[PDB]
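1. Sequence and experimental coordinates follow.
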Amino acid sequence: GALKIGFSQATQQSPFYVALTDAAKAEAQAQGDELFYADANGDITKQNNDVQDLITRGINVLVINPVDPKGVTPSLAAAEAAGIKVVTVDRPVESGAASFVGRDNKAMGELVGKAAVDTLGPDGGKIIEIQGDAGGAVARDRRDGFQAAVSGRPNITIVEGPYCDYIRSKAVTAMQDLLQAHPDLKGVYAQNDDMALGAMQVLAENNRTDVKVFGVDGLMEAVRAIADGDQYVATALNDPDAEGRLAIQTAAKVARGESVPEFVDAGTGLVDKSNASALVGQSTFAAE
């Protein structure tokens, strides 16, 4: 019945968000609906301004990837005053969304952490951790999940590094400071593959291919390195493509007054050597 679907994206500064946007555009068109789209470029005030703009264009429902879980509270208010519902995608809000279309980020962090335990073996070792969004639950859960997997294992220690916002360039900067400060490093866990591969370049420039690398997402470049080398060990699947389709399908139901679950889980799974070969392909991200 031709819906107007609003989509406020948080950023486009890493390939995940670009693919998520593209998948969302294609799903809206496939079901014959109009996608009104804005990218906040990592900026809270731009996001809340963009949401008002979308509301003015008459969206029937708002899909949002919050730049910040409390910073978006004005857009939630604006949505309600407009008589429309809100669907979060990828990053949750505390409350106020009809549905969250995402993944169990703790369980992904746990998945990866178990791969680290197994790989690091009995020597264990120090792991440097490079994180995503400060104050957001996606980063908190990927941290806590990973931690849960190595806790009670004193031969492993974690160095909690900074929040580099899922951006490779920023993780490069952090890996330098951290490499020099912790040369006894045996492992690096980044909360996405984009950042992990930035860390990996810095390691290679300093001849530390011996340091194992752990990520999240199933970025094809990461999957290829897992398949074809020994340094990049594991990641967890976080297909933006499937997430985008589920976000738009879920928003179409909402806009029409249908009941949807509060959490739509777009599914995940471990990528390591044992199965990376089957996931190599042409797209930007691997998928089940």
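-> On my side now, so go ahead. Numbers count the residues shown, from 1 in each chain.
2. which residues are contacting stretch 78-95?
-> For stretch 78-95, contacts defined as Cβ atoms under 8 Å, 6 or more residues apart in numbering pick out 10, 20, 24, 48, 51-52, 55, 59-66, 69-70, 72, 75-76, 96-102, 133, 136-138, 240, 243-244, 247, 250-251, 254-255. Backbone N, C-alpha and C define where each C-beta goes, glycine included.
3. Produce a PyMOL select command limited to the buried residues of those residues.
-> Buried residues within those, by 16 or more other Cβ atoms under 10 Å, are selected in PyMOL with:
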select buried, resi 10+20+24+48+51+55+59+60+61+62+63+64+65+66+69+72+75+76+97+98+99+100+101+102+133+136+137+138+240+243+244+247+250+251+254+255
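4. Inside helices: which ones of the contacts of stretch 78-95?
-> Here DSSP state H is the test, and these give 20, 24, 48, 51-52, 55, 75-76, 137-138, 240, 243-244, 247, 250-251, 254-255 as lying in helices.
5. what about the residue nearest to residue 161 when sequence neighbours are not counted, how many residues close to it?
-> Nearest in space to residue 161, with sequence neighbours left out and distances taken as Cβ to Cβ, 6 or more residues apart in numbering, is residue 130 at 4.7 Å. By other Cβ atoms under 10 Å, 27 other residues sit near residue 130.
6. in stretch 86-99, what's buried?
-> 86-93, 97-99.
7. repeat for stretch 76-87
-> Within stretch 76-87, the residues that count as buried by 16+ other Cβ under 10 Å are 76, 78-79, 82, 84-87.
8. And residue 114, how far from residue 267?
-> 18 Å (Cβ to Cβ, to the nearest Å).
9. and these two? which has more neighbours close in?
-> Per other Cβ under 10 Å, whichever of residue 114 and residue 267 has more neighbours is residue 114, with 17 against 14.
10. If you count neighbours, what's buried in the strand or helix carrying that one?
-> Assigned by DSSP states H and E, residue 114 falls within helix 105-120. For helix 105-120, the neighbour count (16+ other Cβ under 10 Å) marks 105-117, 119-120 as buried.
11. domain assignment for this protein?
-> For the chain, curated CATH domains gives the domain ranges 1-103+239-266, 104-238+267-288.
12. Assumed residue 46 was part of a helix.
-> Yes: membership of residue 46 in a helix is supported by DSSP: H, G, I helix; E, B strand; the rest coil.
13. My read is that it contacts residue 40, right?
-> Yes: with contact defined as Cβ atoms under 8 Å, residue 46 reaches residue 40; the gap is 4.7 Å.
14. of the two, who's got more company?
-> Taking other Cβ under 10 Å, residue 46 and residue 40 do not tie; residue 40 has more neighbours (24 against 15).
15. contacting residues around the more buried one?
-> Applying Cβ under 8 Å, 6+ apart, we find residue 40 in contact with 8-11, 46-47, 50, 67.
16. And it, how close does it get to residue 222?
-> 26 Å.
17. Settle this for me: residue 44 is touching residue 70, isn't it.
-> No: the pair residue 44 / residue 70 is not scored as a contact, 9.2 Å apart, by Cβ under 8 Å.
18. Centre of the chain to the helix or strand containing residue 80, how far?
-> Following DSSP H and E, the helix or strand that holds residue 80 is helix 73-81. Its chain's C-alpha centre and that of helix 73-81 lie 24 Å apart, by Cα atoms, centre = their mean, to the nearest Å.
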